[PDB]
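Participant: pasting an experimental structure with its sequence.
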Amino acid sequence: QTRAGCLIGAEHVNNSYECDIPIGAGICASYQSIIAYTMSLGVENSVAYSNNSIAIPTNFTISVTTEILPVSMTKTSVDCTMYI
Amino acid sequence: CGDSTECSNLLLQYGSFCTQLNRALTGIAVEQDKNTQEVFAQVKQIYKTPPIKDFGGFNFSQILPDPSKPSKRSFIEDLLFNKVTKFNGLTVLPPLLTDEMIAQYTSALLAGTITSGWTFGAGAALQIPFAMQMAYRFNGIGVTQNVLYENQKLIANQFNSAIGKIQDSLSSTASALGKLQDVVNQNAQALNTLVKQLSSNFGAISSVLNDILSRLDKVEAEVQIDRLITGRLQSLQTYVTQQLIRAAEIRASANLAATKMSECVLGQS
Amino acid sequence: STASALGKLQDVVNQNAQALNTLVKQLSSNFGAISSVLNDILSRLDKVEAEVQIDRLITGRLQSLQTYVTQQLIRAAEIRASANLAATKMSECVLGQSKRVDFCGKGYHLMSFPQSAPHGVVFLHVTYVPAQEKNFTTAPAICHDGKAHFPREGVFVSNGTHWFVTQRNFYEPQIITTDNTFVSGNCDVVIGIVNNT
Amino acid sequence: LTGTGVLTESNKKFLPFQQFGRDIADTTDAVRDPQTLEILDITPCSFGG
Ligand SMILES: *[C@@H]1O[C@H](CO)[C@@H](O[C@@H]2O[C@H](CO)[C@@H](O)[C@H](O)[C@H]2NC(C)=O)[C@H](O)[C@H]1NC(C)=O
Ligand SMILES: *[C@@H]1O[C@H](CO)[C@@H](O[C@@H]2O[C@H](CO)[C@@H](O)[C@H](O)[C@H]2NC(C)=O)[C@H](O)[C@H]1NC(C)=O
Ligand SMILES: *[C@@H]1O[C@H](CO)[C@@H](O[C@@H]2O[C@H](CO)[C@@H](O)[C@H](O)[C@H]2NC(C)=O)[C@H](O)[C@H]1NC(C)=O
Ligand SMILES: *[C@@H]1O[C@H](CO)[C@@H](O[C@@H]2O[C@H](CO)[C@@H](O)[C@H](O)[C@H]2NC(C)=O)[C@H](O)[C@H]1NC(C)=O
Ligand SMILES: *[C@@H]1O[C@H](CO)[C@@H](O[C@@H]2O[C@H](CO)[C@@H](O)[C@H](O)[C@H]2NC(C)=O)[C@H](O)[C@H]1NC(C)=O
Ligand SMILES: *[C@@H]1O[C@H](CO)[C@@H](O[C@@H]2O[C@H](CO)[C@@H](O)[C@H](O)[C@H]2NC(C)=O)[C@H](O)[C@H]1NC(C)=O
Ligand SMILES: *[C@@H]1O[C@H](CO)[C@@H](O)[C@H](O)[C@H]1NC(C)=O
Ligand SMILES: *[C@@H]1O[C@H](CO)[C@@H](O)[C@H](O)[C@H]1NC(C)=O
């Protein structure tokens, strides 16, 4: 039983993974016997902040990424007498 | 229909309107989670501020999460939450992201942007003291960094006074959040009038299926049922179209918000 | 090798195909008539009565057509917005280097390349991403002879014994000279002043 | 009056001339029984997705 309802066929665990099938109300599932659990926002780290420390990169990389954008669709025309 | 064999049989031969309506509603429902994810989920990891707080004289206690509260919501968030204010086949589904993880994303953003600066928006977060990030940010509006370091205390005091005044204005003045309230009211009244449409004759002798079924025979009730079906279908179609228009508007606004937070939070626009 | 990387265009094509297909399929529906074929309901019936059935079919088909047109209009508005954004990216990232953060690629932008696609465009974004960090030690200002010196452009760092000035996105040390420093007042107000030469 | 749901005790009170109450969209919420003369409220049976 969860906040969004209930699951039948799944077994709850107390771990945390970045899930792929969102269930709802934070609960979400994975295959691994199907299991469901609480999603993990991400691996949590703490920056060692202070008032006198910086972090200057010493090397670099160039990455080529891609993105895709639709610009148009097919042009369609429809009669009235012929169709109706 | 509402649990009627005759109504289901009559609705069956009306094509596949229902499938289209359900598909459209599901699409616009998924779009909300899409919007929230594409807005907030900008950071690969989750950061947490160190317990020792000394930001060169500034003060963020009213915006950092408060561990005392179970929801870990900062004070301003609680003020906002306090400021802002049945079953007939329609249902409300919960959002995928609950409030606590949303608060955690906000805290991660707000604690990365304090110590790391803007560098955490491109590669890996790099620590740097706040009093120097301000020098960098003056250096980006045509004012040399010369100014700041002689005016650290005055600037800090002005910032604290301004943030306190914002707190008081939010606490006292009502209806300061008109846009969100308007959106909520619009949704509520749309649902309410959709519910209220169920009590219209539409030309039928009554507005209840069971009674006209129980008082008539299965030859003449056909016409009355047909009138009711077509009227209700028209109303539902209208409601769906209005929902689509409003959803497109909200998507435009969310795109604007994502752009604003990517450009102004992760760097100096 | 990896498929499913072009979900948007495939989704657009599938949406158009589904809308057209269901519009066509709507012909077979009855809409409360006696049949979905005009010729048979015309032949089996007589004049003053079949008119009602034909009217039912006509109004049902007309409603379906109007619904299809409205859906087309909404989708057209969405595609217009997307194409406006695409034109903007075409104009200000292909034809020049962009400054706004995270508009053209993750990291500091270098350029873009356009490629066609059956109903859209594909941008290859060439960006820049640093790595291999360290710590060093910082001080906001360096005062010599009692008067402060701020760096003209860069930031102060040190490796324990020798202080150096560098730029912000690449480790590169330089000795300090007046050529890259400018004075402002005396070091008594700034919090973080450290001695040096 | 034909309906389908689950009946339960209603804590409200009707006026002597009152017969049954409805709230919105002709939802007959409470009904007095014609024989024993008490008001029971009706709630729809559980449904979901
Ligand atoms: C910065 O990172 C690059 C990326 O790996 C390094 O380039 C490699 O260097 C090694 C050592 O000479 C070579 O064997 C590889 O062939 C290089 N990679 C490529 C793609 O040619 C580079 O050495 C790093 N620089 C520093 C100073 O650490
Ligand atoms: C930062 O602001 C907080 C909130 O205003 C300060 O906490 C309050 O400080 C006042 C005056 O010192 C006290 O009267 C209150 O009792 C404090 N409230 C709480 C909940 O602690 C805090 O002192 C400020 N700190 C700095 C360094 O400016
Ligand atoms: C710079 O030195 C600090 C320590 O002064 C290093 O900080 C590490 O931070 C991680 C993340 O929380 C901790 O798990 C480690 O224990 C810390 N190391 C310590 C305390 O020695 C940091 O890795 C160094 N480098 C950079 C780029 O910050
Ligand atoms: C910090 O960097 C400076 C700059 O190179 C280092 O100083 C040089 O160190 C090398 C190697 O010991 C010597 O051969 C040079 O004569 C030094 N030059 C000067 C001007 O001192 C210094 O050793 C580095 N220190 C640390 C702790 O890394
Ligand atoms: C950075 O912060 C540390 C810790 O708050 C400061 O160190 C303190 O400095 C005061 C002033 O001399 C001393 O009285 C304390 O004993 C110091 N404590 C520790 C733990 O070092 C440091 O001065 C700050 N530096 C800057 C440039 O702001
Ligand atoms: C930097 O050096 C100057 C002088 O070399 C320091 O100024 C004074 O130095 C004398 C000699 O030790 C002290 O008796 C005074 O107390 C110093 N005055 C002050 C205001 O500190 C100065 O302190 C040094 N600053 C740093 C950060 O090392
Ligand atoms: C772990 O998960 C199981 C099943 O979901 C639950 O019964 C148990 O209380 C949880 N906690 C621990 C500590 O086992
Ligand atoms: C109604 O009439 C029947 C038949 O006489 C009787 O058994 C019953 O007690 C009556 N109920 C009331 C409330 O008078």
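Facilitator: That came through fine. Numbers count the residues shown, from 1 in each chain, chains lettered A, B, ... in the order given. Ligands and ions are numbered 1, 2, ... in the order given.
Participant: give me the phi and psi for the closest residue to chain A within the stretch 151-269 of chain B.
Facilitator: Closest contact between the stretch 151-269 of chain B and chain A, by C-beta to the nearest C-beta, is at residue B:152 (12.6 Å). Quick note: C-beta positions are derived from backbone N, CA and C, even for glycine. Dihedral pair for residue B:152: phi -60, psi -50, per degrees, to the nearest 10.
Participant: and the strands in the stretch 1-150 of chain B?
Facilitator: Secondary structure of the stretch 1-150 of chain B (DSSP state E, counting those that start in this stretch): strands at B:46-47.
Participant: now the most centrally placed residue in chain C: how far from ligand 3?
Facilitator: Central residue of chain C (C-alpha atoms, centre = their mean): residue C:103, 6.2 Å from the mean position. Separation of residue C:103 from ligand 3 (C-beta to the nearest ligand atom, to the nearest Å): 28 Å.
Participant: that residue and residue D:37, how far apart?
Facilitator: Distance of residue C:103 to residue D:37, given as C-beta to C-beta, to the nearest Å: 74 Å.
Participant: now do the strands in chain D.
Facilitator: D:6-9, D:20-22, D:28-32, D:39-43 (DSSP state E).
Participant: grab the most central residue of chain A for me.
Facilitator: By C-alpha atoms, centre = their mean, chain A has its centre lying nearest to residue A:20, at 6.6 Å.
Participant: residue contacts, the residue nearest to it when sequence neighbours are not counted?
Facilitator: Distance criterion C-beta to C-beta, 6 or more residues apart in numbering or on different chains; nearest residue to residue A:20, sequence neighbours excluded, is residue A:30 at 6.4 Å. Neighbouring residues of residue A:30 by C-beta atoms under 8 Å, 6 or more residues apart in numbering or on different chains: A:17, A:19, A:20, A:21, A:36, A:37.
Participant: can you tell me if stretch C:136-150 touches ligand 3.
Facilitator: No. Stretch C:136-150 is not in contact with ligand 3 by C-beta under 6 Å from any ligand atom; minimum separation 9.1 Å.
Participant: got phi/psi on the residue nearest to residue A:20?
Facilitator: phi -160, psi 160.
Participant: could you give the bridge partners of it?
Facilitator: In this entry, residue A:30 is beta-bridged to residue A:35, by DSSP bridges.
Participant: how close does it get to residue B:105?
Facilitator: Separation of residue A:30 from residue B:105 (C-beta to C-beta): 21 Å.
Participant: got it, and residue C:196?
Facilitator: 42 Å.
Participant: mind checking which of those two has more residues around it?
Facilitator: Set side by side, residue C:196 and residue B:105 show more neighbours around residue B:105, with 19 against 14, by other C-beta atoms under 10 Å in any protein chain shown.
Participant: what about the residue nearest to that one when sequence neighbours are not counted, neighbour count?
Facilitator: With C-beta to C-beta, 6+ apart as the criterion, residue B:105 has its nearest non-adjacent residue at 4.6 Å, and that residue is residue B:40. Residues lying near residue B:40 (other C-beta under 10 Å) number 19.
Participant: likewise residue A:39?
Facilitator: Per other C-beta under 10 Å, the neighbour tally for residue A:39 reads 20.
Participant: for residue A:46, same thing?
Facilitator: Number of residues near residue A:46 (other C-beta under 10 Å) recorded here: 13.
Participant: need the contact list for it.
Facilitator: Applying C-beta under 8 Å, 6+ apart, we find residue A:46 in contact with B:47, B:48, B:50.
Participant: what does chain C put close to chain B?
Facilitator: Residues of chain C lying near chain B by C-beta under 8 Å from any C-beta of the partner chain: C:22, C:25-26, C:29-32, C:60, C:64, C:67, C:70, C:74, C:77-78, C:81, C:100-103, C:106-108, C:129-131, C:133, C:138, C:140-141, C:148, C:150, C:155, C:168, C:182, C:184-185, C:189-192.
Participant: distance-wise, check the residue in the stretch 101-250 of chain B that ligand 6 sits nearest to relative to residue A:53.
Facilitator: Closest to ligand 6 within the stretch 101-250 of chain B is residue B:149: 14.7 Å, counting by C-beta to the nearest ligand atom. The gap separating residue B:149 from residue A:53 is 19 Å, by C-beta to C-beta.
Participant: okay, the two: which has more neighbours?
Facilitator: The neighbour count for residue B:149 versus residue A:53, taken as other C-beta under 10 Å, is higher for residue B:149 (24 against 17).
Participant: phi and psi next, for the closest residue to the more buried one other than its chain neighbours.
Facilitator: Excluding its sequence neighbours, the residue lying closest to residue B:149 (C-beta to C-beta, 6+ apart) is residue C:190, at 4.1 Å. Dihedral pair for residue C:190: phi -70, psi 140, per degrees, to the nearest 10.
Participant: from ligand 6, how far out is residue C:190?
Facilitator: With distances taken as C-beta to the nearest ligand atom, residue C:190 is found 11 Å from ligand 6.
Participant: for that residue, what are its contacts?
Facilitator: Contact analysis of residue C:190 by C-beta under 8 Å, 6+ apart lists B:149, B:150, B:152, C:140, C:141, C:148.
Participant: from those residues, list just the buried residues.
Facilitator: B:149, B:152, C:140, C:141, C:148 (16 or more other C-beta atoms under 10 Å in any protein chain shown).
Participant: state the pair within these that is farthest apart.
Facilitator: Taking C-beta to C-beta, the two most distant members of the buried ones among the contacts of residue C:190 are B:152 and C:148; they sit 13.3 Å apart.
Participant: coming back round to it: which one of the contacts of residue C:190 is nearest residue B:115?
Facilitator: Of all these, residue B:115 sits closest to residue C:140, with 15.6 Å by C-beta to C-beta.
Participant: distance of the closest one from ligand 6?
Facilitator: Taking C-beta to the nearest ligand atom, one finds residue C:140 at 12 Å from ligand 6.
Participant: now do the same contact list for the nearest residue to that residue once chain neighbours are set aside.
Facilitator: Distance criterion C-beta to C-beta, 6+ apart; nearest residue to residue C:140, sequence neighbours excluded, is residue C:192 at 4.1 Å. Residue C:192 makes contact with A:51, A:52, B:131, C:139, C:140, C:141 under the criterion C-beta under 8 Å, 6+ apart.
Participant: ok, now residue D:38?
Facilitator: Residue D:38 makes contact with residue D:32, according to C-beta under 8 Å, 6+ apart.
Participant: torsion angles phi and psi at it?
Facilitator: Its backbone dihedrals place residue D:38 at phi -140, psi 160, with angles given as degrees, to the nearest 10.
Participant: before we move on, what about residue C:166?
Facilitator: Dihedral pair for residue C:166: phi -140, psi 180, per degrees, to the nearest 10.
Participant: what do you get for residue C:39?
Facilitator: phi -60, psi -40.
Participant: the helix or strand harbouring residue B:165 vs ligand 5: in contact?
Facilitator: Residue B:165 belongs to helix B:152-172 when assigned by DSSP states H and E. No. Judged by C-beta under 6 Å from any ligand atom, helix B:152-172 stays clear of ligand 5, getting no closer than 10.5 Å.
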